């Protein structure tokens, strides 16, 4: 219509950018200062997931509302087919610190063959990263010094990038396929941060010791963004969607969260914990042994009173939504299936919108509206309180009042942001692993 805006797509990442052949897995976030940060997997050896690749994390910034973007930078890169995969962005409003988290695998490891547990061992009240030699002998890294099983210092030291030094000379990296001492072959959650609006980034901090349980095999970032809670008793809490597998390989969603501006993290329960299924049975994420109830990648939004809603990739064919009354620590037993929203087993994006639409609080949602990864559609969901739970808490559901096709044909992972001008930015996989497309839309367009 007149005044409607939908910009022509720009290839924000593409083959050749930063000398990467392939790209996947978008994250997009507007900072407190108004800067757009876009992160992505720079998939260097094709488009496949780890372990069949060598994947680095790339970031671009825009200081003019997404009209122009910088030359990009690689902010994490491990050697020899060790990969960082699946990024997420959030910022602490209090300190201004921006966080990017990502899943990290040593060479040869991925989802399917990840070992159990955090990869850390507790020695006298502190968690230390374990290393193993080819015989399976176990060592610990204590303040970057490698100790043997009997507590004796060895000739080895490490750095935060995993480099392995013998008497101060680098010989390998503990994440490579050739190191004489290697980290456990499993998933790790890495965190980096920026205190200058995304221009420079810290080295990765491995937070597996805080968030990964002994019985988890895979634990990964659910890519996109996090939130910081605005209302209620958990105001200020930083919440980052994740998902994990149990010993039987079955997937369950959750969030990790920090109440101290990102310094310390913990993981909450999954909506699969004490979940009541349609058949009336109760399950738990630790014991889940069936494929059908799996809950995987997810994104979280906040209701008017602070209540959290976790929107989840799943196997039902439709959107699933979980509810938390305690800031992500636990979830209500009922996972809602919203049959107005197809979910063809793919990542989705959902964000809060800052102003009311048609007199209602609203969210913006993006995914492939089909039984395949196609028909990419952005929706406006208006929030309605439809009743209360037995515990007296408000019960909220969504009215998907406006639903707009934005990408005919291929559409896979995506990430939304609200822009400074009130419009919506969207970075999406409009090709399987090549060009990643950015557009800006206004509400006039979305409602048309």
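Residue numbers count along the first chain shown, from 1.
Enquirer: Once you work out the mean C-alpha B-factor for both 419-427 and 392-400 from the entry, which is higher?
Expert: In the deposited entry, the stretch with the higher C-alpha B-factor mean is 392-400.
Enquirer: On average, are the C-alpha B-factors higher in 148-156 or in 297-305?
Expert: The entry gives the higher C-alpha B-factor average to 148-156.
Enquirer: Select one of 170, 373, 81, 225: the residue whose C-alpha shows the highest B-factor in the crystal structure entry.
Expert: Spelled out: the listed residue with the top C-alpha B-factor is 170.
Enquirer: Looking at 107, 87, 261, 190, which has the biggest Cα B factor in the entry?
Expert: The record points to 261.
Enquirer: Among the modelled residues of this chain, does the Cα B factor of residue 20 put it in the lowest, middle or highest third?
Expert: Tercile = middle for this residue's CA B-factor.
Enquirer: What third of the chain does residue 35 rank in for C-alpha temperature factor, lowest, middle or highest?
Expert: As the PDB entry reports it, the C-alpha B-factor of residue 35 lands in the middle third of its chain.
Enquirer: Based on the deposited C-alpha B factors for this chain, I'd like to know if residue 277 is in the lowest, middle or highest third.
Expert: Highest third of the chain for residue 277's C-alpha B-factor.
Enquirer: Split the chain's modelled residues into thirds by Cα B-factor; is residue 119 in the lowest, middle or highest one?
Expert: Middle third - that is where residue 119 ends up once the chain's C-alpha B-factors are sorted.
Enquirer: Ranked by Cα temperature factor within the chain, is residue 43 in the lowest third, the middle third or the highest third?
Expert: Residue 43: CA B-factor falls in the lowest third of its chain.
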